[PDB]
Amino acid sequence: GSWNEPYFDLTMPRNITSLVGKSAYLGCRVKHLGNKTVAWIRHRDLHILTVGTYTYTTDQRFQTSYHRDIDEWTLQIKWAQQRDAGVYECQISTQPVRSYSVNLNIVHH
């Protein structure tokens, strides 16, 4: 179709809870990505984690995977800990930027 700017699937969960010691998965679905990129950023310190499937952080627990059938960019926090709880942002490199923010709770039980 006609060229579109990218937009988020606004039904993706924005409040996620996951277990200490297991992988946490944070999902972001971007339609019509085109030539932009999808990045994941950690709100508490503004640390860049991933851009596309490239991992910037050297905390090797972070990895972003692209699932092409659902246009999903899923941030995986392997071996998640309580200190990993908080807000993360999926960010499309438009100008101005477009963001989808997801809160993560990490619990033992």
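In case it trips you up, residue 1 is the first one in the sequence shown, and so on.
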Per the entry, where is the mean C-alpha temperature factor higher: 67 to 75 or 53 to 61?
67 to 75
Once the chain's modelled residues are ordered by C-alpha B factor and cut into thirds, is residue 42 in the lowest, middle or highest one?
lowest
How does the C-alpha B factor of residue 107 compare with the rest of the chain: lowest, middle or highest third?
highest
In terms of the chain's CA B-factor thirds, is residue 18 lowest, middle or highest?
highest
Among modelled residues of the same chain, the CA temperature factor third for residue 48:
lowest
